[PDB]
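Structure first, commentary second.
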Amino acid sequence: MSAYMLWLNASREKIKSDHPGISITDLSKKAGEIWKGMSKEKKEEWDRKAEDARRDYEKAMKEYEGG
């Protein structure tokens, strides 16, 4: 899910530029269609990026020291 969110943010500009005058709601569907047709390996990369960020949060929280 997190991979999709990150991918959508970067892809949003590509989709909007590729489909001028496209609505926001339509963009969401477009994002899903591109993902579905996209390679499986690419999905893993985005998933790994999201997981790495989780590790980084722990590191920052560890030094942050707070509730």
With runs of 4+ DSSP H residues as the only contributors, calculate the mean residue ellipticity of the chain at 222 nm using -39,500 (n - 2.57) per run, divided by the residue total and rounded to the nearest 500. -28500 deg cm²/dmol
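Normalised by the empirical 2.2 N^0.38 Å for globular proteins, what value does the Cα Rg of the chain take?
Dividing the Cα radius of gyration by 2.2 N^0.38 Å gives 1.43.
In the chain, what GluC sites (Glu not before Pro) fall in a loop by DSSP, with at most 10 other Cβ atoms inside 10 Å? Write out the running numbers ahead of the final one.
Details: sites: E13, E33, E41, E44, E45, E51, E58, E63, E65; in loops: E65.
Answer in residue order: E65.
As a convention, Cβ positions derive from the backbone with ideal geometry for all residues, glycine included, and neighbour counts pool all protein chains shown. None of the figures in this text is laboratory data; all of them are computed from the coordinates on show.
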